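Next up: just one chain, as structure tokens, the form deposited in one PDB entry.
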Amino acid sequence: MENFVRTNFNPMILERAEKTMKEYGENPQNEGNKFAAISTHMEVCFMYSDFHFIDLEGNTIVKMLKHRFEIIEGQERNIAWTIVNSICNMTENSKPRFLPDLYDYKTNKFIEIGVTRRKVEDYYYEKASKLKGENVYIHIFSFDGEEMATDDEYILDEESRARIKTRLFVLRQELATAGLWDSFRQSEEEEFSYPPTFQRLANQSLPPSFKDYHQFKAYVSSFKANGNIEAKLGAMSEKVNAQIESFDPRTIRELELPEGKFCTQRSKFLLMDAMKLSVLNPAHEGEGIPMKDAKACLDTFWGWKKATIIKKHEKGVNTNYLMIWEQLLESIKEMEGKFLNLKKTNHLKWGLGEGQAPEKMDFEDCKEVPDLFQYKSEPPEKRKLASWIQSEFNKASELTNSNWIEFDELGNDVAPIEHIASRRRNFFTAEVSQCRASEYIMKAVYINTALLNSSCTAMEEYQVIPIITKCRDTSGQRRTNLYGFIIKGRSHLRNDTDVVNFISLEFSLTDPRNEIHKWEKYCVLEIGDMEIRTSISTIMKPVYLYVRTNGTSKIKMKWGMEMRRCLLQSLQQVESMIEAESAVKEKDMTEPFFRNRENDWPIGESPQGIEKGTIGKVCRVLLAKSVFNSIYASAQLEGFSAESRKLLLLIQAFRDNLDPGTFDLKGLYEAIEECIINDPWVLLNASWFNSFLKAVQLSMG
């Protein structure tokens, strides 16, 4: 049984038997015959193996030597097979089909020991027919005393064999006095139940007419459908229906744009109102270092005046901005080295927001504060659309004189599809490189790269970051442009949305008093005068400096550094147009797509009607659209695009005579106009959809 095995044997045999029973999927508390049988096999094998040694010469001594037998039984099957493979690779013998019990180093033999309750002869012939085809020695014991090995040959001494026979006979006699020897000779799937806690959990996860999990399970298994769906459809209200309202774009309204104050500029740098101090072929012994090029571009401008606040930031302290510019210009005048870190004055501390966060404590100290109110979470205040963002997008699609993107080289083109792709890519790059959107890509890449490097190296420093770009002329001469300066605050960025505050000070020739709603967060000074040479006359125009406090995140800087995917996406759009053409015309339609020297594509809306342009204008407009998607990225733009895509596809389904229909069009209009709150670019996209809707309405009478 169970208690006799623990009252009888050594703890080593019991530990080996418990390891084998836990490995094979048994237990001593459930089986008494199999546990005692495994203990009997282990005890016979251990008495077979122990007290046998091989000396330094080679003769078997029975009592600093080595053992004679290596035990393979009782070891785990991976451990035992490791021993078997190591022995079989030490000698030349092939592996047995199954695991033996012992290995004899002297005879070099795999010993198998089988102890049964029946006669020696029948169990021996069973194990001889089973272990057949290999040179595995067999040795069968029993409780009767007799033995029968392989061809009645025995490698062991007679004293040890008689000792194991005496141990087995004494074990049989102890089982006979215990009365358990009678049920010993007669002894020769998956389960997954629920414990009562999970059974009471299962009895509460049913449909409400049931109270037992097995009752509901028998109901599900013995279920037959008898028109239950139609019986529930006849009993449901008729107000649950999907009525198909017919869609006609001539009858639908336009998007309801919001009202209020005008939308202000919120880009991190000036786009079309930015002027640049440029040097041509710079060789000023810094040559690449940002502050050296900043001083080399600052030296090319004479005409600095005493700065005066000419347009106030209405919610701030404008004298602080004046002192910030004076301190910055004086520190650039006296700087030493490659980097400039400003002294943290009080106006710079106000302009960078130092001290504005409340001191974060743990709640266990601050339970006794009375006025502990939650952070308020208000929606954005709505803003009206102004013409400046349309003017900005108009300027961003135009050509410059500078080459703004320098691409690295490829491998040579050998495949014909590589020649086709290089022709397509060179057409797009010739039409797109001298664009203003490529200059904005360069500005954003440089600003976000420099802000990230300064934020992650100089966290406790008020570091001056000059807005630098570089370009090539039509003659290949290098030009280095300076647009302004960024004074970085303290940047201990832990989250992805933690804001580093900075101050941007940008040069400009545009008077801020002509469009004063655009410059809401800015404090514009008048720092100089420039003799601007026009085509005939030479005028003296004032040079302003737009100063504002801005802020950015690690995620925003990360996406600003990856700004050439705008160039990837615009090329992807133009190439998908070419691919959808060539999938029907069945030839390389790249050359009748870029060599169209006529205007074929509607891209504008003058007061005289709708204006067309060439394919290079279209690729520059697609680049500018991707760039403005990258600059004014918001959740409003994402939601508006995802919701108005459906209305665009409905208008396309109308134009294809595919008879479009809707189910709740007012809900779709509310979902579109919910995402139009205060961002200038999403307001311009809403106005663009309204203009396209009016155009496709007037196209069909």
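Residue numbers here begin at 1 and follow the sequence given. What we label the rigid core is the largest C-alpha set whose atoms superpose within 1.5 Å from one form to the other.
The protein also exists as the form deposited in another entry; that form is not presented, and the subsequent description refers to it.
Colleague: Please find the residue from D473, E326, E605, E579 showing a Cα shift of 2 angstroms or more between the shown form and the other one, rigid core superposed.
Modeller: Single hit from the list, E579.
Colleague: Indicate whether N596 shows a C-alpha shift of 2 Å or more between the shown form and the other one, with the rigid core used for the fit.
Modeller: Yes: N596 shifts by at least 2 Å between the shown form and the other one.
Colleague: After a core superposition, would you say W302 shifts its C-alpha by at least 2 Å between the shown form and the other one?
Modeller: No, the C-alpha moves less than 2 Å.
Colleague: Core superposed first: is there a CA shift of 2 Å or greater at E364 between the shown form and the other one?
Modeller: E364 C-alpha, core-superposed: shift of 2 Å or more.
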